[PDB]
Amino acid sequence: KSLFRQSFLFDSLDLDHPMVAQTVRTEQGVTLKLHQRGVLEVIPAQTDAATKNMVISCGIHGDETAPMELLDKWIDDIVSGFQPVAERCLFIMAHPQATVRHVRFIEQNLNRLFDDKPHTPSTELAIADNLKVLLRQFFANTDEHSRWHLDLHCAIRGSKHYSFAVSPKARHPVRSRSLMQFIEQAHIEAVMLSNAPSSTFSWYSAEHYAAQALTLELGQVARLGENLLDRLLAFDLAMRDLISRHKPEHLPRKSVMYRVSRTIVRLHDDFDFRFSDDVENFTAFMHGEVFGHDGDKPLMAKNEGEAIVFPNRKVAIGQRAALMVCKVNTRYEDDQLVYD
């Protein structure tokens, strides 16, 4: 069709050339309201009642490119019909500029400026504010029982689990049975249940809309292309089934259920760990080992297996260094996920 010019992905990564909004119905009945650079909406050719309003977003960062190509392709197949629709979904490609500049972020980590707390005027902060509208405008007259929000990212480094999900800690019930099943069909190797609030785009959706929201870190941060989508095969199929609302055709596989044990926010300057960079996510520790002191009070595995995640080095005295995690056994209680 004539809604794009080459690809939602590249027609969004094109600075000099501005893509204006333009709404167009497709042969199959799928209505595509394009809004602004990196923002495409889609509605079912019937729009029943039990339909879902999903927000699949990519590019919150800049390095993470694997989701974009997959998102980039899903679009292609929705216009060409190769891919059927069945759920009102907004395809966000926030912060394109950074993806072009090949960097993680312009000024500050965008996925940290979504809380109600005030922040300093920053490029990323401009975008955050914007996104919040999109969500406001999108979840209009809708019902939480049908709200989904999947933020797609990539691992800032290695990891024992190629890809894993990060459920937010919201005041509402945001860990449904259907949200689990999706993760399984995606064959996501691990799930991290956040223990406290945040300011990630995902968290924001759950906390202010009660939407089953996740942040999936699929594979690592390879250069646009390198990303071996081959590995993101289950995920790629899963999503398609998610928007097509039909036949979950391949076999799923339970994921290792984890629980944020505590955050390791840095506070002093004489900070140090027991590893370099070759430290993969989920690197478990026994009751006896310390992964690096802190000049004041040391640091060891409170539990037997307390694995670490997000081992940041650029950590500030205020930011959070890593994250602890303990393998927890789950269950359900009226369609919701609970532990112990």
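Don't overthink the numbering: it's just position in the shown sequence, from 1.
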{"query": "56-64 versus 292-300 - greater average Cα B-factor per the deposited record", "finding": "292-300"}
{"query": "Average Cα temperature factor in the PDB entry - higher stretch of 175-183, 138-146", "finding": "138-146"}
{"query": "Residue with maximal Cα B-factor (values as given in the PDB entry) among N130, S199, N227, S244", "finding": "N227"}
{"query": "Selection from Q83, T120, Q212, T215 [criterion: highest C-alpha temperature factor in the record]", "finding": "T120"}
{"query": "Chain thirds of CA B-factor: placement of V309", "finding": "middle"}
{"query": "Chain-wide C-alpha B factor ranking for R274, given as lowest, middle or highest third", "finding": "highest"}
{"query": "CA B-factor placement of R37, once the chain's modelled residues are sorted into thirds", "finding": "lowest"}
{"query": "Lowest, middle or highest third - CA B-factor, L125", "finding": "middle"}
{"query": "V24, C-alpha B-factor rank within chain (lowest, middle or highest third)", "finding": "middle"}
